[PDB]
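The chain below stands alone, shown as structure tokens; this is the form solved without the named molecule.
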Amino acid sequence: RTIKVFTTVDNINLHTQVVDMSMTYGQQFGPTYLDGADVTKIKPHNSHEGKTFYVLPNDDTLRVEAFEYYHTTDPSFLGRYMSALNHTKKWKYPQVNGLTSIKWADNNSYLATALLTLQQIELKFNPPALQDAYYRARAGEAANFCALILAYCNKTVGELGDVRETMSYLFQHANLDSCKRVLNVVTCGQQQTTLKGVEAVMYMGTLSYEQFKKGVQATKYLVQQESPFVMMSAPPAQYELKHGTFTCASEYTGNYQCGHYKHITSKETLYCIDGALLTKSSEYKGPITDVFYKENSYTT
């Protein structure tokens, strides 16, 4: 007639529940999840004894636990998170060239590119959930991390995606306090701008950091930079990537609707990771759209 299970919103604060085995999880707790799976319309099974189930933050204390773990106020988050998990737990996360990648599935090229990128850039997350999941991802267990990335990016599994937007959302939940950017426009008169938060490390309209320092078009040029990396993005275009001149890059092949992402890293030679696939070469030219670089500080 009963079993003892645990209910949680963060899988940190576990709450003991006695569950009647004659009623579904849905009737007793509302939407209920077991490792991403929806058990709402399912009655308890004997194998569920002792197991931890996700519920939704329907009171105030659960909302606070959810905020302090996910740094989110969105109630659907948990639900969306769970959905992603149920799929991303079945993905494969092989090591390629010393990095955790994703075997291709559900149109996830942009997630694999973003993940490899994050692993090659100095970035600490703010939300405890992201910290724990990213730690586990770097160790080859990236299911939770990817499901969370989907959840924060308000994207569902199987849906094509943009790496630059993904990095945008991620950086918003990252510690960029030590970052600052300063630019100028050369319109009559001095027009210096200081940029903080995401816009201190992201730029759209050229792949070339050095061009950003020389100026793009009125002309705008980088006066000062304090960050551990930078991301230079531009609409996909033919571009040459020379070993040692960059850290990594996103290649996009296709049109605005249907496309494919590959990842270019600068180790000893140029490496190209495409999910589980890996190739090497001495040089590379192709359609690039994001290029990452390592900076500590810059002054024009």
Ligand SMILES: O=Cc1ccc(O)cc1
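Residue numbers here begin at 1 and follow the sequence given.
Omitted from view is the form solved in complex with the named molecule, to which the following refers.
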| task | Just give me the single entry in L78, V96, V230, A137 that has a non-hydrogen atom within 4.5 angstroms of the named molecule in the entry with it bound. | result | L78
| said: Is the named molecule in the entry with it bound close enough to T2, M21 and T52 that every residue in that trio has a heavy atom within 4.5 angstroms of it? | reply: no
| task | Examine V9 and determine whether its closest non-hydrogen atom to the named molecule in the entry with it bound is within 4.5 angstroms. | result | yes
| Wondering, does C248 line up within 4.5 Å of the named molecule in the entry with it bound on heavy atoms? | no
| Would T72 show up as a contact with the named molecule in the entry with it bound if we use heavy atoms at 4.5 Å? | yes
| query | Should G36 be counted as a contact of the named molecule in the entry with it bound, where contact means heavy atoms within 4.5 Å? | reply | no
